[PDB]
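Asker: Sequence first, structure after, both from an experimental entry:
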Amino acid sequence: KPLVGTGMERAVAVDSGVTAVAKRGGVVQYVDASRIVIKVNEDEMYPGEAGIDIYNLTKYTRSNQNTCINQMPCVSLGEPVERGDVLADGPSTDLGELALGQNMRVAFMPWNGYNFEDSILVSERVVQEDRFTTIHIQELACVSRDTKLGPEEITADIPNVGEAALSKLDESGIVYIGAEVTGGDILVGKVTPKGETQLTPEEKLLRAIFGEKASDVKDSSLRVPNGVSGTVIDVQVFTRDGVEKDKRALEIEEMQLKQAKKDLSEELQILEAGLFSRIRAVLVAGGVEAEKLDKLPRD
Amino acid sequence: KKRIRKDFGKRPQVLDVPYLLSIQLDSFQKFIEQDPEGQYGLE
Amino acid sequence: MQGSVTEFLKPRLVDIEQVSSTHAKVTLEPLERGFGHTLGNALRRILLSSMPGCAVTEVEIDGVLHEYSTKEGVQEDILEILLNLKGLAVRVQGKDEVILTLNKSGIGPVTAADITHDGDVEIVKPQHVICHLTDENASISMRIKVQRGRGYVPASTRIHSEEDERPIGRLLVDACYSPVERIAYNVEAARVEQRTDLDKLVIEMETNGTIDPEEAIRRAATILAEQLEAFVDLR
Amino acid sequence: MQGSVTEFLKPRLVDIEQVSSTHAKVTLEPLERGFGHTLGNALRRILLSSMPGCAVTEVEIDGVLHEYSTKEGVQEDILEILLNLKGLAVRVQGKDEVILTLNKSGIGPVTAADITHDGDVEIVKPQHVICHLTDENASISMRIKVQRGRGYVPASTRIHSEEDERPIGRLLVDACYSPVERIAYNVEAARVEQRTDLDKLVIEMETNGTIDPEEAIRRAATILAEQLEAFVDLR
Amino acid sequence: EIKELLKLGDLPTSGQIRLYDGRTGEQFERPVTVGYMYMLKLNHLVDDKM
RNA sequence: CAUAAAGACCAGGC
């Protein structure tokens, strides 16, 4: 935050869609980086869960200006929040105030030549620490169309490459999330149709022997541009009903089975939490079960 | 014992900055009233 | 020898009371006219790039695959945990590389004091808070790897393959191997038997903790002894 | 050692072609970014007051009793002759004090080449014209006395009694013991095997002649080696 | 108010203090205006890509 | 070694 304040650095984060604001005050039970679960006591006060309002914090996605919007939590374990209290940070916010740049030791002097018109000089320490290392996200989008011979498939069978290019690709052409790619590694598994025309008649004759799809392809895969070298943080899945999504693909079949089962378990924890807490104050009015109620599960 | 906030310049704010998105939220919300009735704009 | 009276019967009373591995009040007496600023600036010239050190190179985490995932049972994210691991200072006596063992489950703020003590690894800051842990079997484990270097080389030209053979889950981290952090010098006067206009150059030295200040100033002292044999030979 | 590639496989090609005792073109290569001005200014800082020398202290003349008399057979006065003796540079190898023998009669401009050669005294400027002599038995004789000092101490606090016991005819003269006169440095670039942005710091050194430049820069080099052991010890 | 609150402020008086050169070293003529300026880094658009 | 069209419009740097 700036060492000089004005009175407007705290209102931009709260008033805009920057700092997460709770809908109704409650008791915080757990805190994660991707979600902040809030146990709001809509019933009698118990550590058994309640009318859960889960809050999805947008973590690492792409904006228009090739940057990232971050939301880091600040509420610790066991802190009763108020309607209007801050819950997570913004892309530059410290707690609730706006903090764009930094505060460094400045010294006004013509150093030697370098600061001629509008140049800024700084020591070796500024790159030894990640004090100005920002996150730059670039989208590599490519739109799907059709072909004269007939449109496509999915496989990782890409000729004219090495082993390290197909090593970070799975059996289905999509690179993993979190792979150390660089200039040269294949992100996108495209190959290009030669057709009957580009082949010589000698391989028309031995492509009366090999296959309809045996030598129909040549390499023009979409790679990393020359000079940039980062990591993969987000992949995309877009498919259209007609033409038979691949299997084996064992890791795509495993992946959102594993993720989707957790997506069921968290949502049944939330709605189970929101209804069984609701009927507890209904059932206590007219009876009591001290030893019998905490043995059977919450469903 | 009560004192002054003691900052640069004696201009005490009595009414803070309002909702900065009132250019957007009031014009669109009054324009197309999803939860309210039909009035002001499309209507 | 004893010679004439310039500086030869003028001993340098430079003595020691040690603070462990991170800061030292360095005293000096006596040196004659105009001998403070060239001292501070020449050993600011040497002690920023000529000093090797052992810093953090590449860190492996558990089932969290890259820097921007989440872990079930932690409040902060893995990027802030690794940011807390960048500032961790570590001393290695005579090993090229070492792997630090760390494991802790249950509730409790894990600090740098939970690291398993090695015979050549000593932690200078046990009070460094890394992250806050919660209930529901929050088991975290890391493998801190220490390598030798000198000064700042970026993480795009060094690129290392420890676990970049078929099991993956490592990525290269920026390394600041430079031990010496801050040296500030005071320039009051001193007096000894020979002459009066003699400067007392009292130094506030600050080191991160990778290399001890005694060994660093002895290495920089014999490097300085290697320096000024330059004016010697002919041609 | 060999280490990493910063400066360790970078030899300093600093070589010698000597001009006798008064000026030397000092060459240097290679040193990296921003290493010319701190060199010229730090050894302008050392080489003006930290360097001992042997200059003119107190001169005895013949029957001319003080500085403002006249001598039968000379054109100029004794004050201009002693002014010419102030600028005379003399080298003394290992003697504390030495008396120089000088005598010449008859017509002829007496220069510094008429001084009787001693085994430890070498004249750098034999072409220095002192005064013009005439006929009519113009016999002049002087006893040049050389003492060791450093830098400028005035002639009112030192006051010396060589012949201020009962036979008189001496008075104390201002002494500039400082050998180093001028150092000018050029800051063109150099290139060697390791890196390209390396500065060639070529020096035009000028010395009066009291102390040789090789011995002076070796003494200032080991004084510099005595300087930067300042950051060493604790307390 | 600034000249009243800067004759106070540790360390210097009236803003300026004798620094030392990082290259030469010596007693620096004319004490200078220093401090902690809140600067700001601009983004890296794809224009800055080589 | 060959492929990522052309054009429109907008935003941006000075």
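Answerer: Noted; the coordinates are in hand. Numbers count the residues shown, from 1 in each chain, chains lettered A, B, ... in the order given.
Asker: Please report how far the closest residue to residue A:114 other than its chain neighbours lies from residue E:24.
Answerer: Closest residue to residue A:114 apart from its sequence neighbours, by C-beta to C-beta, 6 or more residues apart in numbering or on different chains: residue A:121 at 5.6 Å. C-beta coordinates here come from the backbone N, C-alpha and C atoms, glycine included. According to C-beta to C-beta, to the nearest Å, residue A:121 and residue E:24 sit 17 Å apart.
Asker: Between those two, point out the one with more neighbours.
Answerer: More neighbours surround residue E:24 than the other of residue A:121 and residue E:24, with 18 against 11 (other C-beta atoms under 10 Å in any protein chain shown).
Asker: isn't that one right next to residue D:41, touching?
Answerer: Yes - applying C-beta atoms under 8 Å, one finds residue E:24 in contact with residue D:41, separated by 5.0 Å.
Asker: In space, not sequence, find me the middle residue of the chain.
Answerer: You didn't say which chain, so I picked chain A. Nearest residue to the geometric centre of chain A (C-alpha atoms, centre = their mean): residue A:60, 4.5 Å.
Asker: that answer is for a different chain, and I need it for chain E
Answerer: Nearest to chain E centroid, counting by C-alpha atoms, centre = their mean: residue E:34, 2.5 Å.
Asker: Report the strands that pair with the helix or strand where that one lies, each with its relative direction.
Answerer: Using DSSP states H and E, residue E:34 sits within strand E:32-39. The strands beside strand E:32-39 in its sheet (DSSP bridges) come out as strand A:102-107 (antiparallel), strand E:16-17 (antiparallel).
Asker: quick one on the thing from earlier: tell me what the residue nearest to the centre of chain E is bridged to.
Answerer: residue A:107.
Asker: residues contacting it?
Answerer: Going by C-beta atoms under 8 Å, 6 or more residues apart in numbering or on different chains, residue E:34 touches A:105-108, E:17, E:19.
Asker: give me that answer again for 7 Å
Answerer: A:106-107, E:17, E:19 (C-beta atoms under 7 Å, 6 or more residues apart in numbering or on different chains).
Asker: farthest-separated two in the residues you listed?
Answerer: Largest separation among the contacts of residue E:34 by C-beta to C-beta: A:106 and E:17, giving 13.2 Å.
Asker: how about the residues of chain C near chain A?
Answerer: C:65-66, C:68, C:70, C:75-77, C:132, C:134, C:152, C:156, C:164, C:168, C:171, C:174, C:176, C:178 (C-beta under 7 Å from any C-beta of the partner chain).
Asker: and those, which are buried?
Answerer: Neighbour counting by 16 or more other C-beta atoms under 10 Å in any protein chain shown classes C:65-66, C:68, C:75-77, C:132, C:134, C:152, C:164, C:168, C:171, C:174, C:176, C:178 among the residues of chain C next to chain A as buried.
Asker: Contact partners for residue C:73?
Answerer: Contacts of residue C:73 by C-beta under 7 Å, 6+ apart are C:133-134, C:136-138.
Asker: In strands only, show me those residues.
Answerer: Counting by DSSP state E, no part of the contacts of residue C:73 is found in strands.
Asker: Tell me the one of those nearest residue C:57?
Answerer: residue C:133 (25.7 Å).
Asker: Is it correct that that closest one is in contact with residue C:74?
Answerer: Yes - with contact defined as C-beta atoms under 7 Å, residue C:133 and residue C:74 form a contacting pair (6.2 Å).
Asker: Which stretches in the chain count as strands?
Answerer: Using chain A. A:27-31, A:35-39, A:53-56, A:102-107, A:186-188, A:192-193, A:217-218, A:222-223.
Asker: Wait, chain C was what I had in mind.
Answerer: Under DSSP E, chain C gives strands at C:23-26, C:52-56, C:90-92, C:98-104, C:110-111, C:121-123, C:129-131, C:140-150, C:180-186, C:202-207.
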